[PDB]
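Q: Can you keep this structure in mind? I'll have questions shortly.
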Amino acid sequence: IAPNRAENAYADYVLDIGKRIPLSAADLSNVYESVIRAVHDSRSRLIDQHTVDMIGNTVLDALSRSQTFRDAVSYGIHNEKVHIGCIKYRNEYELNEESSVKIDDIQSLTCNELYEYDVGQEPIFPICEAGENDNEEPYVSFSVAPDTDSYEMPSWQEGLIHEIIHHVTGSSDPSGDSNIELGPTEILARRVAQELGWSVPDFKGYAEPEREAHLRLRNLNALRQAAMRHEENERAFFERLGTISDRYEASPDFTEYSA
Ligand SMILES: [Mg+2]
Ligand SMILES: [Zn+2]
């Protein structure tokens, strides 16, 4: 009898069961290829090439260097969860209701209104979730990627791994809001981060105020950085973010930014 998917015990269950049938080198090779394909096919729903690359780098690095991630992934493949190669990626955002910002839509946002608000009143929020589309195909929506070498990068990577773990292990977050338990999804993601040398803050609970503040500020900064990357194409940037947030396809070739 397995632990419930929302209890901390579920994390160790997943790893124990996952280690029983390890990915062969050929198995891993094929998973590696499926992820590359999946991420490449995610372009039409990601904000920019940088984010495409970073998602790819992050998942592939985790597969290459983290036994925990490989165990979680193998668990999913052999125990009727999501095969990681089936997962596509998106950068869906949502207007913040409390914001004083006066805009009808994400498309209308400007770099300015993004920088004229600190955490608490920021104009938009990323949607970070493991969901499924109409055809029941799994996707992960997550923050745009922060700049290479940014403070935000390891936390962003750990958070991305977190969402994938939902899919590939079927793990949940804690049922109630807690300051002392992380839940099995976050537990696993933290182990992966530790194995890969991603420096993330040592939080105790999934809903700890410091954790909530950290995430919000990471997201705001990742978004500011992403916008600044496309400073010359400001309208194109927010229009694409809106297109994706409305659940439409944008150019898989990012022609909106083209020289
Ligand atoms: Mg709208
Ligand atoms: Zn979660």
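In the structure tokens, each chain is lettered A, B, ... as it comes, each chain's residues begin at 1, and ligands are numbered from 1 in order of appearance.
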Can you tell me which residues come within 7 Å of ligand 1 when counting only C-alpha atoms and all ligand atoms, ideally as a list in words?
A: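 Taking only C-alpha atoms and all ligand atoms into account, the residues around ligand 1 at most 7 Å away are residues 104, 105, 106 and 246 of chain A.
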Q: If you keep C-alpha atoms, can you produce a file of those selected residues as a PDB file, in the first residue's frame?
A:
```pdb
ATOM      1  CA  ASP A 104      -7.379  45.747 -19.981  1.00  0.00           C
ATOM      2  CA  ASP A 105      -5.002  42.922 -20.887  1.00  0.00           C
ATOM      3  CA  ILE A 106      -1.475  41.525 -20.775  1.00  0.00           C
ATOM      4  CA  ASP A 246      -4.960  33.335 -23.867  1.00  0.00           C
TER       5      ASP A 246
END
```
Q: Would you kindly return, as a ChimeraX atom specification, each protein, DNA or RNA residue with an atom no farther than 8 Å from any atom of residue 167 in chain A, considering only C-alpha atoms and excluding same-chain residues fewer than 2 positions away?
A: /A:81-82,84,130,138,163-165,169-171
Q: So how far away is CA of residue 154 in chain A from CA of residue 255 in chain A, in Å?
A: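 A separation of 28.9 Å between them.
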Q: So that each row is one residue of range 183-248 of chain A with an atom at most 12 Å from range 48-61 of chain A, can you give its shortest atom pair and the distance in Å to one decimal, using only C-alpha atoms, rows by chain and rising number, as JSON lines?
A:
```
{"residue": "A:189", "atom": "CA", "partner": "A:59", "partner_atom": "CA", "distance": 11.8}
{"residue": "A:192", "atom": "CA", "partner": "A:61", "partner_atom": "CA", "distance": 10.3}
{"residue": "A:193", "atom": "CA", "partner": "A:58", "partner_atom": "CA", "distance": 10.4}
{"residue": "A:195", "atom": "CA", "partner": "A:61", "partner_atom": "CA", "distance": 10.6}
{"residue": "A:196", "atom": "CA", "partner": "A:61", "partner_atom": "CA", "distance": 7.9}
{"residue": "A:197", "atom": "CA", "partner": "A:61", "partner_atom": "CA", "distance": 11.0}
{"residue": "A:198", "atom": "CA", "partner": "A:58", "partner_atom": "CA", "distance": 10.5}
{"residue": "A:222", "atom": "CA", "partner": "A:51", "partner_atom": "CA", "distance": 10.5}
{"residue": "A:223", "atom": "CA", "partner": "A:51", "partner_atom": "CA", "distance": 11.2}
{"residue": "A:225", "atom": "CA", "partner": "A:50", "partner_atom": "CA", "distance": 11.2}
{"residue": "A:226", "atom": "CA", "partner": "A:48", "partner_atom": "CA", "distance": 8.4}
{"residue": "A:227", "atom": "CA", "partner": "A:48", "partner_atom": "CA", "distance": 10.2}
{"residue": "A:229", "atom": "CA", "partner": "A:50", "partner_atom": "CA", "distance": 9.3}
{"residue": "A:230", "atom": "CA", "partner": "A:48", "partner_atom": "CA", "distance": 9.1}
{"residue": "A:233", "atom": "CA", "partner": "A:48", "partner_atom": "CA", "distance": 11.8}
{"residue": "A:236", "atom": "CA", "partner": "A:48", "partner_atom": "CA", "distance": 10.8}
{"residue": "A:237", "atom": "CA", "partner": "A:48", "partner_atom": "CA", "distance": 8.6}
{"residue": "A:238", "atom": "CA", "partner": "A:48", "partner_atom": "CA", "distance": 11.3}
{"residue": "A:240", "atom": "CA", "partner": "A:48", "partner_atom": "CA", "distance": 9.0}
{"residue": "A:241", "atom": "CA", "partner": "A:48", "partner_atom": "CA", "distance": 9.5}
{"residue": "A:244", "atom": "CA", "partner": "A:48", "partner_atom": "CA", "distance": 11.3}
```
Q: Output the neighbourhood of ligand 2 as a PyMOL selection string, that is, all protein and nucleic acid residues with some atom at most 9 Å from the ligand, counting only C-alpha atoms and all ligand atoms.
A: chain A and resi 128-130+159+162-163+165-166+171-174+183+185-186+206
Q: Go ahead and write the selection's residues with N, CA and C atoms as a compact mmCIF listing (two decimals), in the first residue's frame.
A:
```txt
# COMPACT_ATOMS: atom_id res chain seq x y z
N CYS A 128 1.94 28.80 -12.49
CA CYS A 128 2.87 27.70 -12.31
C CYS A 128 2.08 26.45 -11.91
N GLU A 129 1.98 25.49 -12.82
CA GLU A 129 1.09 24.36 -12.61
C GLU A 129 1.40 23.20 -13.55
N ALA A 130 1.12 22.00 -13.08
CA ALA A 130 1.12 20.84 -13.94
C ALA A 130 -0.33 20.62 -14.33
N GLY A 159 12.01 25.09 -9.29
CA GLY A 159 10.57 25.26 -9.45
C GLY A 159 10.02 24.57 -10.68
N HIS A 162 10.02 20.92 -9.96
CA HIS A 162 8.87 20.72 -9.10
C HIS A 162 7.61 20.41 -9.91
N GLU A 163 7.34 21.22 -10.93
CA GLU A 163 6.10 21.03 -11.69
C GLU A 163 6.14 19.72 -12.48
N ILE A 165 7.69 17.07 -11.63
CA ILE A 165 7.55 15.97 -10.68
C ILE A 165 6.08 15.67 -10.39
N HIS A 166 5.25 16.71 -10.29
CA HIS A 166 3.80 16.50 -10.21
C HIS A 166 3.36 15.49 -11.27
N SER A 171 2.67 13.02 -7.58
CA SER A 171 2.74 13.59 -6.24
C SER A 171 1.96 14.90 -6.18
N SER A 172 1.50 15.27 -4.99
CA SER A 172 0.78 16.54 -4.76
C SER A 172 1.58 17.46 -3.83
N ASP A 173 1.04 18.64 -3.57
CA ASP A 173 1.58 19.52 -2.55
C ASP A 173 0.73 19.30 -1.29
N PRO A 174 1.13 19.88 -0.14
CA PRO A 174 0.38 19.60 1.09
C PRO A 174 -1.08 20.04 0.94
N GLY A 183 5.69 18.86 1.59
CA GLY A 183 4.93 18.01 0.68
C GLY A 183 5.91 17.21 -0.15
N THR A 185 6.14 16.52 -3.43
CA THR A 185 6.64 17.12 -4.66
C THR A 185 7.84 18.02 -4.41
N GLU A 186 7.68 18.97 -3.49
CA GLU A 186 8.78 19.87 -3.16
C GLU A 186 9.97 19.12 -2.54
N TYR A 206 5.82 24.53 2.48
CA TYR A 206 5.46 24.92 1.12
C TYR A 206 4.83 26.31 1.11
```
